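Reproduced below: query31.cif, with mmCIF, C-alpha atoms and all ligand atoms.
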data_run
#
loop_
_atom_site.label_atom_id
_atom_site.label_comp_id
_atom_site.auth_asym_id
_atom_site.auth_seq_id
_atom_site.Cartn_x
_atom_site.Cartn_y
_atom_site.Cartn_z
CA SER A 258 8.41 -26.39 -77.05
CA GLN A 259 11.04 -29.17 -76.84
CA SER A 260 9.81 -31.14 -79.88
CA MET A 261 8.96 -27.93 -81.82
CA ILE A 262 12.38 -26.22 -81.50
CA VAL A 263 14.30 -29.42 -82.46
CA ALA A 264 11.98 -29.92 -85.48
CA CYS A 265 12.66 -26.33 -86.68
CA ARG A 266 16.48 -26.68 -86.61
CA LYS A 267 16.51 -30.04 -88.46
CA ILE A 268 14.66 -28.48 -91.45
CA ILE A 269 17.10 -25.51 -91.58
CA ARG A 270 20.26 -27.70 -91.32
CA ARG A 271 19.37 -29.64 -94.50
CA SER A 272 18.06 -26.59 -96.45
CA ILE A 273 21.30 -24.52 -96.23
CA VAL A 274 23.46 -27.23 -97.88
CA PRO A 278 18.23 -22.58 -99.78
CA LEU A 279 14.94 -20.70 -99.10
CA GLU A 280 13.19 -22.83 -101.76
CA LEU A 281 14.36 -26.07 -100.06
CA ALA A 282 13.16 -24.92 -96.59
CA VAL A 283 9.58 -24.11 -97.76
CA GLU A 284 9.14 -27.48 -99.56
CA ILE A 285 10.42 -29.53 -96.58
CA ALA A 286 8.19 -27.47 -94.23
CA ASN A 287 5.19 -27.96 -96.54
CA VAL A 308 15.34 -18.69 -83.44
CA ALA A 309 14.82 -21.47 -86.00
CA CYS A 310 11.00 -21.49 -85.74
CA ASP A 311 10.90 -17.69 -86.32
CA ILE A 312 12.64 -18.27 -89.70
CA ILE A 313 10.04 -20.97 -90.63
CA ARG A 314 7.12 -18.60 -89.80
CA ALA A 315 8.67 -15.76 -91.84
CA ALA A 316 9.18 -18.07 -94.86
CA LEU A 317 5.53 -19.21 -95.06
CA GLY A 318 3.79 -15.99 -93.95
CA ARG A 324 13.89 -8.63 -82.44
CA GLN A 325 17.58 -8.35 -83.43
CA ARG A 326 19.56 -11.58 -82.95
CA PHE A 327 23.25 -12.37 -82.50
CA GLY A 328 23.47 -16.08 -81.71
CA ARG A 329 21.54 -16.70 -78.48
CA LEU A 330 21.62 -12.95 -77.70
CA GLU A 331 18.31 -11.14 -78.32
CA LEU A 332 18.40 -7.32 -78.55
CA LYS A 333 15.79 -4.56 -78.66
CA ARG A 334 16.61 -0.85 -79.08
CA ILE A 335 16.29 1.41 -76.01
CA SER A 336 18.06 4.55 -77.23
CA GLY A 337 20.57 6.05 -79.63
CA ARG A 338 21.39 5.05 -83.20
CA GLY A 339 24.18 2.95 -84.69
CA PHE A 340 26.01 3.29 -88.02
CA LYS A 341 28.35 0.66 -89.49
CA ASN A 342 31.69 1.56 -91.13
CA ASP A 343 34.20 -1.01 -92.40
CA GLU A 344 37.57 -0.93 -90.59
CA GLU A 345 40.79 -2.95 -90.57
CA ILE A 346 41.02 -4.27 -87.00
CA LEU A 347 44.20 -5.73 -85.53
CA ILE A 348 43.12 -8.59 -83.25
CA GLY A 349 45.08 -10.39 -80.52
CA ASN A 350 46.34 -13.29 -82.69
CA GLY A 351 48.26 -10.92 -85.04
CA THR A 352 45.84 -11.01 -87.99
CA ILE A 353 44.14 -7.92 -89.42
CA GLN A 354 40.40 -8.41 -89.99
CA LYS A 355 37.92 -6.34 -92.01
CA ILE A 356 35.05 -5.69 -89.57
CA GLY A 357 31.86 -3.64 -89.76
CA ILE A 358 32.45 -1.41 -86.73
CA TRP A 359 29.35 0.31 -85.30
CA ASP A 360 29.50 3.95 -84.17
CA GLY A 361 27.16 5.74 -81.76
CA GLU A 362 26.12 5.87 -78.12
CA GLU A 363 23.47 3.11 -77.88
CA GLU A 364 21.44 1.20 -75.31
CA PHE A 365 19.77 -2.18 -75.79
CA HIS A 366 17.40 -4.34 -73.79
CA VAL A 367 19.12 -7.75 -73.99
CA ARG A 368 18.28 -11.38 -73.28
CA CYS A 369 20.05 -14.73 -73.45
CA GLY A 370 18.04 -17.75 -72.30
CA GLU A 371 16.57 -16.82 -68.90
CA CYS A 372 19.08 -13.97 -68.31
CA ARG A 373 17.80 -10.40 -68.84
CA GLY A 374 19.78 -7.16 -68.99
CA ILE A 375 20.44 -3.64 -70.24
CA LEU A 376 23.54 -2.96 -72.36
CA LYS A 377 25.00 0.53 -72.84
CA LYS A 378 27.75 0.81 -75.44
CA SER A 379 29.55 3.09 -77.90
CA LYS A 380 32.13 2.62 -80.68
CA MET A 381 34.22 -0.38 -79.63
CA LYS A 382 33.38 0.11 -75.93
CA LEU A 383 31.05 -1.76 -73.56
CA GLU A 384 30.15 1.00 -71.11
CA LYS A 385 27.67 -0.79 -68.85
CA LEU A 386 25.85 -4.12 -68.62
CA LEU A 387 23.16 -4.33 -65.92
CA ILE A 388 21.78 -7.88 -65.55
CA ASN A 389 19.53 -10.06 -63.37
CA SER A 390 20.59 -13.34 -61.78
CA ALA A 391 19.91 -16.53 -63.78
CA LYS A 392 21.44 -19.97 -64.29
CA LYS A 393 25.20 -19.56 -64.79
CA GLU A 394 25.27 -20.80 -68.41
CA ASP A 395 22.85 -17.98 -69.39
CA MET A 396 24.57 -15.27 -67.29
CA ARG A 397 27.96 -16.25 -68.77
CA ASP A 398 26.62 -16.42 -72.35
CA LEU A 399 24.87 -13.04 -71.98
CA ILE A 400 28.03 -11.39 -70.66
CA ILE A 401 30.29 -12.91 -73.36
CA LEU A 402 27.83 -12.17 -76.20
CA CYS A 403 27.50 -8.55 -75.00
CA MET A 404 31.31 -8.20 -74.78
CA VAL A 405 31.57 -9.52 -78.37
CA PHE A 406 28.57 -7.43 -79.53
CA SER A 407 30.15 -4.26 -78.05
CA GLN A 408 33.21 -4.76 -80.33
CA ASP A 409 35.27 -3.65 -77.35
CA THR A 410 39.00 -3.18 -78.01
CA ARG A 411 39.77 -5.56 -75.08
CA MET A 412 37.64 -8.30 -76.63
CA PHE A 413 39.58 -8.09 -79.94
CA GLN A 414 42.89 -8.13 -77.97
CA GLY A 415 41.83 -11.33 -76.13
CA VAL A 416 41.89 -13.59 -79.21
CA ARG A 417 44.85 -16.01 -79.13
CA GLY A 418 44.06 -19.04 -81.31
CA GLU A 419 42.82 -19.47 -84.87
CA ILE A 420 39.32 -18.03 -85.46
CA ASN A 421 38.62 -19.18 -89.05
CA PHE A 422 35.67 -21.55 -88.44
CA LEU A 423 33.64 -23.19 -91.19
CA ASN A 424 30.08 -23.85 -89.94
CA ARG A 425 28.09 -27.11 -90.32
CA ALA A 426 27.17 -26.09 -93.90
CA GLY A 427 30.86 -25.53 -94.85
CA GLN A 428 30.60 -21.70 -94.82
CA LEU A 429 33.26 -19.42 -93.33
CA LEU A 430 31.72 -17.49 -90.43
CA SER A 431 31.93 -13.69 -90.64
CA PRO A 432 34.47 -12.07 -88.24
CA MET A 433 31.78 -11.24 -85.63
CA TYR A 434 30.42 -14.83 -85.63
CA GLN A 435 34.02 -16.15 -85.45
CA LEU A 436 34.57 -14.11 -82.25
CA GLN A 437 31.25 -15.27 -80.80
CA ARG A 438 32.16 -18.94 -81.36
CA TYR A 439 35.71 -18.45 -80.09
CA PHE A 440 34.88 -16.67 -76.81
CA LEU A 441 31.81 -18.76 -75.96
CA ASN A 442 34.20 -21.76 -75.95
CA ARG A 443 37.23 -19.90 -74.43
CA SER A 444 35.76 -17.43 -71.92
CA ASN A 445 38.68 -17.41 -69.42
CA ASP A 446 41.04 -15.61 -71.84
CA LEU A 447 38.42 -12.89 -72.43
CA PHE A 448 37.64 -12.11 -68.77
CA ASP A 449 41.30 -11.82 -67.73
CA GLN A 450 41.91 -9.46 -70.69
CA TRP A 451 38.66 -7.60 -69.88
CA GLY A 452 39.73 -6.83 -66.32
CA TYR A 453 37.97 -6.12 -63.04
CA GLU A 454 36.83 -3.26 -60.82
CA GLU A 455 35.38 -2.72 -57.37
CA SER A 456 31.71 -3.76 -57.16
CA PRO A 457 29.04 -1.05 -56.64
CA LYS A 458 27.80 -0.39 -53.07
CA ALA A 459 24.09 0.23 -53.83
CA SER A 460 21.75 -2.10 -51.90
CA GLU A 461 20.07 -3.66 -54.95
CA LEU A 462 23.42 -4.19 -56.77
CA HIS A 463 26.26 -6.71 -56.54
CA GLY A 464 29.35 -7.60 -58.54
CA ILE A 465 29.93 -10.79 -60.50
CA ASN A 466 33.30 -12.61 -60.73
CA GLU A 467 34.78 -14.84 -63.50
CA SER A 468 32.97 -17.92 -62.03
CA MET A 469 29.58 -16.07 -62.21
CA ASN A 470 29.26 -15.76 -58.41
CA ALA A 471 28.42 -12.71 -56.32
CA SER A 472 31.67 -10.89 -55.58
CA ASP A 473 33.16 -7.69 -54.11
CA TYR A 474 34.98 -7.21 -57.41
CA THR A 475 33.29 -7.36 -60.79
CA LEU A 476 33.96 -7.69 -64.51
CA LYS A 477 34.51 -4.10 -65.66
CA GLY A 478 31.17 -2.48 -66.51
CA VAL A 479 29.05 -5.47 -65.39
CA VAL A 480 26.68 -5.40 -62.40
CA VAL A 481 23.87 -7.64 -61.20
CA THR A 482 20.66 -6.13 -59.79
CA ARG A 483 18.13 -7.81 -57.50
CA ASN A 484 15.36 -5.66 -59.04
CA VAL A 485 13.68 -7.63 -61.81
CA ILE A 486 14.39 -6.06 -65.20
CA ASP A 487 11.13 -6.06 -67.16
CA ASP A 488 10.46 -8.30 -70.18
CA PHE A 489 10.43 -6.91 -73.76
CA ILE A 499 13.44 -12.96 -96.09
CA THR A 500 16.60 -13.64 -98.16
CA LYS A 501 17.35 -16.76 -100.26
CA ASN A 502 19.88 -17.80 -97.53
CA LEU A 503 17.18 -17.81 -94.76
CA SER A 504 18.13 -14.31 -93.45
CA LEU A 505 15.18 -12.17 -92.25
CA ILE A 506 15.22 -8.53 -93.44
CA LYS A 507 13.55 -5.27 -92.30
CA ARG A 508 12.01 -2.61 -94.60
CA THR A 509 15.16 -0.44 -94.35
CA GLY A 510 17.57 -3.29 -95.24
CA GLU A 511 19.21 -4.24 -91.91
CA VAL A 512 18.96 -8.01 -91.21
CA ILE A 513 17.52 -9.06 -87.80
CA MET A 514 18.34 -12.80 -87.75
CA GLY A 515 19.60 -15.68 -89.93
CA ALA A 516 21.01 -19.21 -90.25
CA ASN A 517 24.10 -18.42 -88.12
CA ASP A 518 21.90 -17.65 -85.07
CA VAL A 519 20.26 -21.13 -84.77
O1 LIG B 601 26.95 -6.07 -88.21
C1 LIG B 601 26.48 -7.05 -88.75
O2 LIG B 601 27.09 -7.51 -89.85
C2 LIG B 601 25.25 -7.78 -88.22
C3 LIG B 601 25.61 -9.22 -87.77
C4 LIG B 601 24.30 -9.98 -87.49
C5 LIG B 601 23.57 -9.30 -86.31
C6 LIG B 601 24.36 -8.05 -85.84
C7 LIG B 601 25.76 -8.49 -85.34
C8 LIG B 601 26.50 -9.21 -86.49
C9 LIG B 601 24.57 -7.05 -87.02
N1 LIG B 601 23.30 -6.42 -87.41
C10 LIG B 601 22.91 -5.19 -86.88
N2 LIG B 601 23.59 -4.57 -85.92
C11 LIG B 601 23.19 -3.39 -85.42
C12 LIG B 601 24.01 -2.72 -84.39
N3 LIG B 601 23.78 -1.53 -83.85
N4 LIG B 601 24.80 -1.23 -82.94
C13 LIG B 601 25.72 -2.24 -82.92
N5 LIG B 601 26.86 -2.44 -82.25
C14 LIG B 601 27.59 -3.54 -82.44
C15 LIG B 601 27.20 -4.55 -83.31
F1 LIG B 601 27.95 -5.67 -83.49
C16 LIG B 601 26.02 -4.39 -84.02
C17 LIG B 601 25.27 -3.22 -83.83
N6 LIG B 601 22.11 -2.77 -85.90
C18 LIG B 601 21.37 -3.33 -86.85
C19 LIG B 601 21.75 -4.56 -87.38
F2 LIG B 601 21.03 -5.16 -88.35
#
Transcribe the structure of this file into structure tokens.
Amino acid sequence: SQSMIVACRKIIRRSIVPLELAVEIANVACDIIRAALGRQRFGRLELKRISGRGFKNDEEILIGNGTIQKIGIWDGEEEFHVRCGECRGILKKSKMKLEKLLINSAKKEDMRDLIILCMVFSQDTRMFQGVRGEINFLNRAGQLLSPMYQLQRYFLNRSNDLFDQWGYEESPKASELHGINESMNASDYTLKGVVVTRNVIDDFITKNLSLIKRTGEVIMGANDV
């Protein structure tokens, strides 16, 4: 597990600077190696469809730093079973709106990453408004990240600006539920739309190393490793 995952990433890092290089050196990361020889991802966030359907339309989005960005905005009432590390949850969202995120308790790194990744994934208006600094990042291979991966990187590193822009509400009163604050502790207020439940939520190729479905929609790639 430890030696395997590290070995998978090291092959992909050198191959991108690409599919033909990765197969020769061989002969999230390990799933790309298996697909080359013979679940939707957004960084560490793993998603699986529960309900609804999404459709992507390009829009010019004003974001909080004053720039206008061309972003593939998804439309439709949707629900996803989500996971980041050991943290499990259910995400309900619509066009540029996180409507509800029900999660289980986990180590704080995973709870925080799940919440941030879901806020970014939702394309919520408040998340776009929370950008302050520069978001043009070039990745390890010298490639400019797409707008959605720029926001992921930005907010994973600067989470405090997001949460204060996101806002808070009174925590739910149901016995199995509690709220979660900005420090990822149980709280009588909660990040808007987010709740923690004590009830265990159940468990679940392109030349540039991007895995594709039969329809066309890509499920994971190099940016997710
Ligand atoms: O939209 C994209 O360009 C890609 C990028 C790489 C993974 C994700 C997120 C970024 C996305 N791919 C896909 N996204 C979705 C999707 N459905 N509903 C959504 N709401 C927000 C969102 F953000 C993505 C989606 N459905 C099928 C996909 F195949």
Report the closest atom pair, with its distance in Å rounded to one decimal, for each residue of stretch 267-361 of chain A that has an atom no farther than 6 Å from stretch 365-382 of chain A; count only C-alpha atoms, sort by chain and then rising residue number, and write it as a Markdown table.
| residue | atom | partner | partner_atom | distance |
| --- | --- | --- | --- | --- |
| A:329 | CA | A:369 | CA | 5.6 |
| A:330 | CA | A:369 | CA | 4.9 |
| A:331 | CA | A:368 | CA | 5.0 |
| A:332 | CA | A:367 | CA | 4.6 |
| A:333 | CA | A:366 | CA | 5.1 |
| A:334 | CA | A:365 | CA | 4.8 |
| A:335 | CA | A:365 | CA | 5.0 |
| A:359 | CA | A:380 | CA | 5.9 |
| A:360 | CA | A:380 | CA | 4.6 |
| A:361 | CA | A:379 | CA | 5.3 |
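Shortest atom-to-atom contact with ligand LIG 601 (chain B) among A:509, A:259, A:444, A:456: A:509, counting all atoms listed in the file.
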Cut-off 8 Å: closest chain A/ligand LIG 601 (chain B) atom pairs per residue, using all atoms listed in the file, as a Markdown table:
| residue | atom | partner | partner_atom | distance |
| --- | --- | --- | --- | --- |
| A:325 | CA | B:LIG601 | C5 | 6.7 |
| A:326 | CA | B:LIG601 | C5 | 5.7 |
| A:327 | CA | B:LIG601 | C5 | 4.9 |
| A:338 | CA | B:LIG601 | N3 | 7.0 |
| A:339 | CA | B:LIG601 | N4 | 4.6 |
| A:340 | CA | B:LIG601 | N3 | 6.8 |
| A:341 | CA | B:LIG601 | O1 | 7.0 |
| A:357 | CA | B:LIG601 | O1 | 5.7 |
| A:358 | CA | B:LIG601 | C14 | 6.8 |
| A:359 | CA | B:LIG601 | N5 | 4.8 |
| A:360 | CA | B:LIG601 | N4 | 7.1 |
| A:361 | CA | B:LIG601 | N4 | 7.5 |
| A:363 | CA | B:LIG601 | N4 | 6.8 |
| A:378 | CA | B:LIG601 | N5 | 7.6 |
| A:379 | CA | B:LIG601 | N5 | 7.5 |
| A:380 | CA | B:LIG601 | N5 | 7.5 |
| A:381 | CA | B:LIG601 | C14 | 7.9 |
| A:405 | CA | B:LIG601 | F1 | 7.4 |
| A:406 | CA | B:LIG601 | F1 | 4.4 |
| A:407 | CA | B:LIG601 | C14 | 5.1 |
| A:408 | CA | B:LIG601 | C14 | 6.1 |
| A:431 | CA | B:LIG601 | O2 | 7.9 |
| A:433 | CA | B:LIG601 | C8 | 5.7 |
| A:434 | CA | B:LIG601 | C8 | 6.9 |
| A:510 | CA | B:LIG601 | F2 | 7.9 |
| A:511 | CA | B:LIG601 | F2 | 4.1 |
| A:512 | CA | B:LIG601 | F2 | 4.5 |
| A:513 | CA | B:LIG601 | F2 | 5.3 |
| A:514 | CA | B:LIG601 | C5 | 6.5 |
| A:515 | CA | B:LIG601 | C4 | 7.8 |
Checklist line | Proximity to residue A:262 - best of A:439, A:399, A:362, A:308, all atoms listed in the file | finding: A:308
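The two atoms in question, atom CA of residue A:283 and atom CA of residue A:316, are spaced 6.7 Å apart.
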Note to self: With distances taken over all atoms listed in the file, which residue among A:337, A:278, A:351, A:452 lies nearest residue A:412?
What the structure shows: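 Going through A:337, A:278, A:351, A:452 one by one, the smallest distance to residue A:412 is for A:452.
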Note to self: Considering all atoms listed in the file, can you say which of A:270, A:425, A:463, A:385 comes closest to residue A:403?
What the structure shows: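 That would be A:385, the residue with the smallest distance to residue A:403.
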Notebook entry, point to check: Any idea what's packed within 9 Å of residue A:390, counting all atoms listed in the file, ignoring anything in its chain fewer than 2 positions away? Could you give it as a count of residues only?
Noted result: 11
Item checked: Spatial neighbours of residue A:285, max dist 9 Å, all atoms listed in the file, sep filter under 3 positions, as a PyMOL selection string -> chain A and resi 268+272+280-282
Next item on the list: Can you work out the spacing between atom CA of residue A:438 and atom CA of residue A:421 in Å, to one decimal?
Entry: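 Interatomic distance here is 10.0 Å.
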Checklist line | Protein/DNA/RNA residues near (20.3, -22.1, -95.8), cut 7 Å, only C-alpha atoms, as JSON, numbers by chain | finding: {"A": [269, 272, 273, 274, 278, 279, 502, 503, 516]}
Next item on the list: Find the distance between atom CA of residue A:422 and atom CA of residue A:402 and write it in Å to one decimal.
Entry: 17.3 Å
Given 6 Å of margin on each side, can you work out the centre and size in Å (one decimal) of an axis-aligned box holding every listed atom of stretch 474-481 of chain A, as lines of an AutoDock Vina configuration file?
center_x = 29.4
center_y = -5.1
center_z = -62.0
size_x = 23.1
size_y = 17.2
size_z = 21.1
What's around residue A:411 at 7 Å? Count all atoms listed in the file, leave out sequence neighbours fewer than 3 positions away in its own chain, and write the answer as a short mmCIF file (atom, residue, chain, number, x, y, z; two decimals) with C-alpha atoms, in the coordinates of the input.
data_model
loop_
_atom_site.label_atom_id
_atom_site.label_comp_id
_atom_site.auth_asym_id
_atom_site.auth_seq_id
_atom_site.Cartn_x
_atom_site.Cartn_y
_atom_site.Cartn_z
CA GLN A 414 42.89 -8.13 -77.97
CA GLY A 415 41.83 -11.33 -76.13
CA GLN A 450 41.91 -9.46 -70.69
CA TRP A 451 38.66 -7.60 -69.88
#
Item checked: From A:261, A:347, A:429, A:420, residue lying nearest residue A:517 [all atoms listed in the file] ->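 Under the stated criterion, the closest residue is A:429.
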Can you sort out stretch 376-397 of chain A so it carries N, CA, C and O atoms, written as a PDB file, in the coordinates of the input?
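So the final result, stored in rebuild06.pdb, reads:
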ATOM      1  N   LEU A 376      22.189  -3.199 -71.862  1.00  0.00           N
ATOM      2  CA  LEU A 376      23.540  -2.960 -72.360  1.00  0.00           C
ATOM      3  C   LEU A 376      23.647  -1.529 -72.866  1.00  0.00           C
ATOM      4  O   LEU A 376      22.854  -1.114 -73.704  1.00  0.00           O
ATOM      5  N   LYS A 377      24.662  -0.816 -72.391  1.00  0.00           N
ATOM      6  CA  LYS A 377      25.000   0.530 -72.840  1.00  0.00           C
ATOM      7  C   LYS A 377      26.377   0.436 -73.468  1.00  0.00           C
ATOM      8  O   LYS A 377      27.317  -0.037 -72.837  1.00  0.00           O
ATOM      9  N   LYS A 378      26.492   0.876 -74.718  1.00  0.00           N
ATOM     10  CA  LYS A 378      27.750   0.810 -75.440  1.00  0.00           C
ATOM     11  C   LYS A 378      27.938   1.963 -76.419  1.00  0.00           C
ATOM     12  O   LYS A 378      26.978   2.650 -76.784  1.00  0.00           O
ATOM     13  N   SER A 379      29.186   2.160 -76.829  1.00  0.00           N
ATOM     14  CA  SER A 379      29.550   3.090 -77.900  1.00  0.00           C
ATOM     15  C   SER A 379      30.598   2.420 -78.782  1.00  0.00           C
ATOM     16  O   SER A 379      30.880   1.223 -78.606  1.00  0.00           O
ATOM     17  N   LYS A 380      31.161   3.170 -79.734  1.00  0.00           N
ATOM     18  CA  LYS A 380      32.130   2.620 -80.680  1.00  0.00           C
ATOM     19  C   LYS A 380      33.200   1.831 -79.945  1.00  0.00           C
ATOM     20  O   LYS A 380      33.972   2.388 -79.171  1.00  0.00           O
ATOM     21  N   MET A 381      33.216   0.523 -80.187  1.00  0.00           N
ATOM     22  CA  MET A 381      34.220  -0.380 -79.630  1.00  0.00           C
ATOM     23  C   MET A 381      34.427  -0.249 -78.108  1.00  0.00           C
ATOM     24  O   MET A 381      35.560  -0.326 -77.611  1.00  0.00           O
ATOM     25  N   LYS A 382      33.329  -0.054 -77.380  1.00  0.00           N
ATOM     26  CA  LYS A 382      33.380   0.110 -75.930  1.00  0.00           C
ATOM     27  C   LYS A 382      32.070  -0.348 -75.280  1.00  0.00           C
ATOM     28  O   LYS A 382      31.008   0.219 -75.537  1.00  0.00           O
ATOM     29  N   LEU A 383      32.156  -1.383 -74.448  1.00  0.00           N
ATOM     30  CA  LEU A 383      31.050  -1.760 -73.560  1.00  0.00           C
ATOM     31  C   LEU A 383      31.168  -0.788 -72.391  1.00  0.00           C
ATOM     32  O   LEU A 383      32.205  -0.727 -71.736  1.00  0.00           O
ATOM     33  N   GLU A 384      30.117  -0.017 -72.151  1.00  0.00           N
ATOM     34  CA  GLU A 384      30.150   1.000 -71.110  1.00  0.00           C
ATOM     35  C   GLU A 384      29.464   0.521 -69.848  1.00  0.00           C
ATOM     36  O   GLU A 384      29.957   0.775 -68.757  1.00  0.00           O
ATOM     37  N   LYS A 385      28.344  -0.184 -69.991  1.00  0.00           N
ATOM     38  CA  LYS A 385      27.670  -0.790 -68.850  1.00  0.00           C
ATOM     39  C   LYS A 385      26.767  -1.945 -69.265  1.00  0.00           C
ATOM     40  O   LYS A 385      26.102  -1.878 -70.304  1.00  0.00           O
ATOM     41  N   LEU A 386      26.760  -2.998 -68.451  1.00  0.00           N
ATOM     42  CA  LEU A 386      25.850  -4.120 -68.620  1.00  0.00           C
ATOM     43  C   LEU A 386      25.213  -4.442 -67.269  1.00  0.00           C
ATOM     44  O   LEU A 386      25.871  -4.974 -66.376  1.00  0.00           O
ATOM     45  N   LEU A 387      23.937  -4.092 -67.131  1.00  0.00           N
ATOM     46  CA  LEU A 387      23.160  -4.330 -65.920  1.00  0.00           C
ATOM     47  C   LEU A 387      22.302  -5.561 -66.159  1.00  0.00           C
ATOM     48  O   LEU A 387      21.499  -5.566 -67.093  1.00  0.00           O
ATOM     49  N   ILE A 388      22.481  -6.605 -65.341  1.00  0.00           N
ATOM     50  CA  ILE A 388      21.780  -7.880 -65.550  1.00  0.00           C
ATOM     51  C   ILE A 388      21.051  -8.367 -64.290  1.00  0.00           C
ATOM     52  O   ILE A 388      21.301  -7.878 -63.186  1.00  0.00           O
ATOM     53  N   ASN A 389      20.146  -9.324 -64.479  1.00  0.00           N
ATOM     54  CA  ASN A 389      19.530 -10.060 -63.370  1.00  0.00           C
ATOM     55  C   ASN A 389      20.231 -11.403 -63.230  1.00  0.00           C
ATOM     56  O   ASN A 389      20.894 -11.875 -64.162  1.00  0.00           O
ATOM     57  N   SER A 390      20.064 -12.014 -62.060  1.00  0.00           N
ATOM     58  CA  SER A 390      20.590 -13.340 -61.780  1.00  0.00           C
ATOM     59  C   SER A 390      19.818 -14.387 -62.588  1.00  0.00           C
ATOM     60  O   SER A 390      18.613 -14.251 -62.791  1.00  0.00           O
ATOM     61  N   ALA A 391      20.524 -15.411 -63.060  1.00  0.00           N
ATOM     62  CA  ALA A 391      19.910 -16.530 -63.780  1.00  0.00           C
ATOM     63  C   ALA A 391      20.829 -17.723 -63.618  1.00  0.00           C
ATOM     64  O   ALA A 391      21.834 -17.623 -62.917  1.00  0.00           O
ATOM     65  N   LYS A 392      20.506 -18.846 -64.254  1.00  0.00           N
ATOM     66  CA  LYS A 392      21.440 -19.970 -64.290  1.00  0.00           C
ATOM     67  C   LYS A 392      22.757 -19.504 -64.939  1.00  0.00           C
ATOM     68  O   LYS A 392      22.750 -18.629 -65.823  1.00  0.00           O
ATOM     69  N   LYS A 393      23.868 -20.062 -64.461  1.00  0.00           N
ATOM     70  CA  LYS A 393      25.200 -19.560 -64.790  1.00  0.00           C
ATOM     71  C   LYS A 393      25.546 -19.626 -66.272  1.00  0.00           C
ATOM     72  O   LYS A 393      26.214 -18.723 -66.774  1.00  0.00           O
ATOM     73  N   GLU A 394      25.104 -20.682 -66.956  1.00  0.00           N
ATOM     74  CA  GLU A 394      25.270 -20.800 -68.410  1.00  0.00           C
ATOM     75  C   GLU A 394      24.720 -19.556 -69.132  1.00  0.00           C
ATOM     76  O   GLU A 394      25.387 -19.007 -70.000  1.00  0.00           O
ATOM     77  N   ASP A 395      23.522 -19.123 -68.747  1.00  0.00           N
ATOM     78  CA  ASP A 395      22.850 -17.980 -69.390  1.00  0.00           C
ATOM     79  C   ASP A 395      23.500 -16.642 -69.020  1.00  0.00           C
ATOM     80  O   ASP A 395      23.676 -15.786 -69.896  1.00  0.00           O
ATOM     81  N   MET A 396      23.852 -16.467 -67.743  1.00  0.00           N
ATOM     82  CA  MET A 396      24.570 -15.270 -67.290  1.00  0.00           C
ATOM     83  C   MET A 396      25.909 -15.131 -68.020  1.00  0.00           C
ATOM     84  O   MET A 396      26.232 -14.057 -68.529  1.00  0.00           O
ATOM     85  N   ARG A 397      26.665 -16.224 -68.073  1.00  0.00           N
ATOM     86  CA  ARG A 397      27.960 -16.250 -68.770  1.00  0.00           C
ATOM     87  C   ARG A 397      27.821 -15.989 -70.274  1.00  0.00           C
ATOM     88  O   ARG A 397      28.595 -15.219 -70.843  1.00  0.00           O
TER      89      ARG A 397
END
